[PDB]
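Asker: What follows is a structure written as structure tokens; I'll ask about it next.
Neighbour counts are summed over all protein chains in view; Cβ atoms, including those assigned to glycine, are modelled from backbone coordinates with ideal geometry. What follows draws every value from the coordinates through simple rules; no lab data is involved.
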Number of protein chains: 2
Amino acid sequence: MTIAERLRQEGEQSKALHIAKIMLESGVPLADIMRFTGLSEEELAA
Amino acid sequence: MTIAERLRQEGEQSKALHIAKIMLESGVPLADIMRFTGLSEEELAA
């Protein structure tokens, strides 16, 4: 891919992690966080 | 800002909209979608 599409992907990953952090603090079930954000369990752990 | 940080911001906005769309289909209350994703009501409408 291009550098622009790589930078957009970094932003998507950054936003998904931030949303997941909020959901974690609000008590959302972890299986739902993974469904909504697309993140792996090791991404949630780190 | 720089072009890299603008491109990352476009990715963050794209991912927030996608997550919001999933949450909408799953019946999440709209006030919660807005809290988790940071989106405005007009961003959810469009």
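Asker: Give me the log10 of I(q) over I(0) for the protein assembly as shown at q = 0.12, 0.15 Å⁻¹, as the Debye formula computes it from C-alpha points; what are the numbers?
Answerer: -0.37, -0.57
Asker: Within a Cβ distance under 12 Å of residue A:13, other residues only, what is the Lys/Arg minus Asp/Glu net charge?
Answerer: +1
Asker: Nearest-to-axis residue of chain A, judged by Cβ, for the A-to-B rotation, with distance in whole Å?
Answerer: Nearest Cβ to the rotation axis, residue and whole-Å distance: A:11, 1.
Asker: On to the next question. Can you give the mean number of other chain Cβ atoms that lie within 10 Å of the Cβ atoms in peptide A:3-14?
Answerer: Taking all residues of A:3-14 together, the mean is 6.
Asker: Follow-up. Picking from B:7, B:34, B:46, whose Cα lies most toward the positive end of the charge dipole for chain B (charges on Cβ: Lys, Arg +1; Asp, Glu -1)?
Answerer: Sorting the options by dipole projection puts first B:7.
Asker: Pairing the Cα long axis of helix A:3-25 with the longest principal axis of chain A, what angle in degrees results, from 0 to 90 and rounded to the nearest 10?
Answerer: 10
Asker: Where the centre of each part is set by its Cα atoms, how far does the range B:10-46 sit from chain A, in angstrom?
Answerer: 14
Asker: Put a point 7 Å out from Cα along the line to Cβ at residue B:10; what are the distances to that point in the other copies, in nm, shortest first?
Answerer: From this label point to the equivalent ones elsewhere in the assembly: 1.5 nm.
Asker: Got the residue B:35 label distances to the other copies yet, label 7 Å along Cα→Cβ, in nm, shortest first?
Answerer: 1.9
Asker: Local charge sum around residue A:34 (other residues, Cβ-Cβ under 14 Å, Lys/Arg +1, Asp/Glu -1)?
Answerer: -2
Asker: For chain B, what is the largest minus smallest coordinate of the Cα atoms on each principal axis, given in angstrom and ordered from greatest to least?
Answerer: 37, 17, 15
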